[PDB]
Amino acid sequence: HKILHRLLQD
Amino acid sequence: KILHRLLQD
Amino acid sequence: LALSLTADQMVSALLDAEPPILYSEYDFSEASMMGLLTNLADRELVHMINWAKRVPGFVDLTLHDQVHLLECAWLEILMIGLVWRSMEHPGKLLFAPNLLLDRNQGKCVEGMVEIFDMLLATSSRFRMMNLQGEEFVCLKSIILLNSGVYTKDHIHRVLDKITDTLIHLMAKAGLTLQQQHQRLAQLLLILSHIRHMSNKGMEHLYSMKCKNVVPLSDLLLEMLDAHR
Amino acid sequence: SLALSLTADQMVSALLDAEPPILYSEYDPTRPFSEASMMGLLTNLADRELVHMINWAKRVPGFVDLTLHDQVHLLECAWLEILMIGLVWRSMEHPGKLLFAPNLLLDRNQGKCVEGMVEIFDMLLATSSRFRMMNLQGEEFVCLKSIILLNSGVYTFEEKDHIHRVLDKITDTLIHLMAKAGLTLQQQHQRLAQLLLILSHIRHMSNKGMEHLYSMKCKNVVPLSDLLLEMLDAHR
Ligand SMILES: O/N=C/c1c(O)ccc(-c2ccc(O)c(F)c2)c1Cl
Ligand SMILES: O/N=C/c1c(O)ccc(-c2ccc(O)c(F)c2)c1Cl
């Protein structure tokens, strides 16, 4: 998945 | 420019 | 003159000024379709110039300012027109009565399907809002006067008059105050999407140009070169 | 949803508190600018701002109600617009200059250092000039920034109805602020329109900045971060 996708969770 | 002429005419 | 018109007279004037619906020379490759779109657009552009001269306040502007506004807005104006007349053809773009294309015929040209999809989504939105002809004409004039305005008080005063006219139409239609403000906002936010779509269309048209093949009119090339 | 339940005043309060910090650039005054180094500054700065932008978007009422895929799409669509409206906003009290950061305040002539950049500086400056002439307020700015986040990607989509409900709330909020500020009823709708029309100019600049950024990538002028590369590829 995208980096953006991971930042949205953290 | 062509647009010039069209505006005047 | 513009600043003196009533709401109803603004609407009457804009309705009166509307350009004809043109037919294409249609009777299917990447080149033939593009030739059709750019042929149609070139002819539409000539009628757009007469229409602009009939948008209240526009003939007050210098020739130089009239040119700049049209150079900035021409594809936005063609596209909102396209979206408007496609409204009642879900999943289809009515480029002309004899040229009703679906999203899949957009795949006939590289990069074109994405633009078609944006055009179609906007048509769907107009349909969702039950956009009215009177509102459409107001929005089209706002595009003309707004898009290149930052690159003058008279333009902004005319723009406010058109806002007044939009609100007039909504009040006349029974909307509450709160509903009028919400709908005005909904309508103007679409202008953001129409700017986006013109920007994408311009880059596309530019790629088509450098690639030769599809011939563009001198006029279209010139409008095109104003964005570079 | 709790967003739909917020009052106008609570909406404004939420947005003002969610505001990201003003960040510093890694500008080095020991060295002269090159095209590469100035582009390096802007992209490094944008990258660090993006991380804060993500925390911010999560605090925009209604945004957390969307799926991750919807949140990703909206941010992919609006990130540069959101960065640029912020830039224009903080440049307001610096006529003729762009306050990228407190330690990086550039005029149009410095923009010329990067090919094709001056055109973009000029648009940004004109927009700042416009904010200044309208006397845009911080409460209006935060509303407009949140509208961009929710609106720009919205037609590239149920919950779409949800998003439009939230957008309607922000409209009610803008009107509430203008009324509270004493604007007549006519002035309220006139200003609402002037403010939203600016979003068309912001969209324009974003599209031009996206193409410029892509140009710098493809000419190997500067290395973009992986996050930046991803945000950019969403537009190509
Ligand atoms: O590169 N092609 C440009 C283009 C496009 O991508 C999408 C639509 C159109 C177009 C839009 C509205 C029109 O009325 C038209 F006649 C062509 C063009 Cl010219
Ligand atoms: O290559 N162009 C990209 C660009 C530009 O043309 C203008 C401004 C910015 C920019 C805008 C707002 C910011 O907060 C930022 F850090 C950079 C970029 Cl990244």
Side-chain angles (χ1 to χ4, degrees), chain C residues 10-24 36-37 40-52 54-56 58 69-70 72-103 105-106 112 115-147 162-163 165-166 168-170 173 183-202, chain D residues 151 154-155 193 196-197 200 203:
Chain C
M10 177 68 67
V11 174
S12 305
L14 297 172
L15 289 184
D16 288 350
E18 274 292 283
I21 300 170
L22 308 183
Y23 276 81
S24 82
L36 284 193
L37 295 209
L40 180 54
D42 168 76
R43 283 182 286 133
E44 286 184 286
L45 265 167
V46 179
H47 292 279
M48 182 190 304
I49 287 123
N50 294 334
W51 159 84
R54 297 179 59 180
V55 176
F58 191 86
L69 293 181
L70 282 175
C72 295
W74 73 272
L75 189 58
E76 288 187 80
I77 294 164
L78 285 190
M79 287 181 161
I80 198 172
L82 172 62
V83 171
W84 166 250
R85 55 179 188 270
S86 303
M87 250 200 73
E88 304 306 326
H89 303 259
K92 294 197 283 283
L93 297 174
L94 195 160
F95 282 93
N98 54 19
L99 192 53
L100 195 54
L101 308 190
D102 64 61
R103 132 174 177 91
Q105 281 162 304
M112 183 63 78
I115 301 176
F116 270 46
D117 284 338
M118 291 182 296
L119 285 166
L120 287 166
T122 307
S123 199
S124 185
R125 176 63 171 162
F126 277 179
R127 191 161 52 246
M128 204 214 312
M129 292 180 70
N130 190 27
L131 176 70
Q132 301 287 305
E134 294 84 4
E135 294 173 320
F136 162 73
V137 301
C138 289
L139 287 178
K140 195 168 56 164
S141 292
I142 291 175
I143 291 173
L144 176 67
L145 298 177
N146 179 60
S147 292
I162 306 177
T163 306
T165 306
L166 276 169
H168 168 89
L169 289 167
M170 304 178 195
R183 186 174 180 86
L184 170 62
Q186 297 161 6
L187 290 179
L188 299 178
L189 287 179
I190 293 166
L191 299 193
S192 173
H193 303 279
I194 289 160
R195 184 80 84 136
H196 188 73
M197 286 186 307
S198 173
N199 293 146
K200 289 304 195 185
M202 210 67 72
Chain D
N151 173 248
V154 84
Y155 301 131
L196 298 182
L197 287 188
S200 164
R203 177 83 86 143

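Protein chains get the first letters and strands the later ones, always in sequence-line order, with residue 1 at the start of each. Hydrogens, waters and symmetry mates play no part in the numbers below; they use all other heavy atoms, side chains included.
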Next item on the list: Keeping to residues at least two apart or across chains, list the salt bridge (charged side-chain N to carboxylate O under 4.0 Å, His left out) pairs with something in residues 92-102 of chain C.
Entry: none
Notebook entry, point to check: Residues two or more places apart in sequence or in another chain: which of them pass salt bridge (charged side-chain N to carboxylate O under 4.0 Å, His left out) with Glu18(C)?
Noted result: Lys140(C)
Margin query: Checking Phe136(C) now: which residues fulfil ring pair (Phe, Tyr, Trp, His ring centres under 6.0 Å) with it, not counting sequence neighbours?
Written below: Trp84(C)
Notebook entry, point to check: Are the side chain of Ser86(C) and the backbone N or O of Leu94(C) linked by a donor-acceptor pair below 3.5 Å?
Noted result: yes
Item checked: Partner residues of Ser192(C) under the side-chain contact (heavy atoms from CB on, under 4.5 Å) criterion, sequence neighbours left out -> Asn151(D), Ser152(D), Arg203(D)
Item checked: ring pair (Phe, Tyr, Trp, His ring centres under 6.0 Å) partners of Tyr155(D), counting only residues at least two apart -> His193(C), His164(D)
Notebook entry, point to check: Just by modelled atom types, is the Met118(C) backbone N or O under 3.5 Å from a matching donor or acceptor in the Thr122(C) side chain?
Noted result: yes
Item checked: Nearest non-hydrogen partners of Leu144(C) and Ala73(C), listed with the distance -> CA-CB, 4.2 Å
Margin query: Is it the case that over 12 heavy atoms from other parts of the model lie below 6.0 angstrom from the CD1 atom of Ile21(C)?
Written below: no
Next item on the list: Name all residues meeting the side-chain hydrogen bond (donor to acceptor under 3.5 Å, both in side chains) criterion together with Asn50(C); count only those two or more places apart in sequence or in a different chain, and write none if there are none.
Entry: none
Margin query: Looking only at the aromatic ring of each residue, does the gap between the centers of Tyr23(C) and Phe95(C) stay below 6.0 angstrom?
Written below: no
Next item on the list: Kindly write out the residues that satisfy side-chain contact (heavy atoms from CB on, under 4.5 Å) with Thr165(C), not counting sequence neighbours, or none if the list is empty.
Entry: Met10(C), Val11(C), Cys138(C)
Checklist line | Residues that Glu135(C) engages under salt bridge (charged side-chain N to carboxylate O under 4.0 Å, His left out), provided they are two or more places apart | finding: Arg183(C)
Next item on the list: List for me each residue that meets salt bridge (charged side-chain N to carboxylate O under 4.0 Å, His left out) alongside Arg103(C), sequence neighbours excluded, and say none if there are none.
Entry: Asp117(C)
Checklist line | All side-chain contact (heavy atoms from CB on, under 4.5 Å) counterparts of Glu44(C), not counting sequence neighbours | finding: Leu22(C), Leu40(C), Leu78(C), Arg85(C)
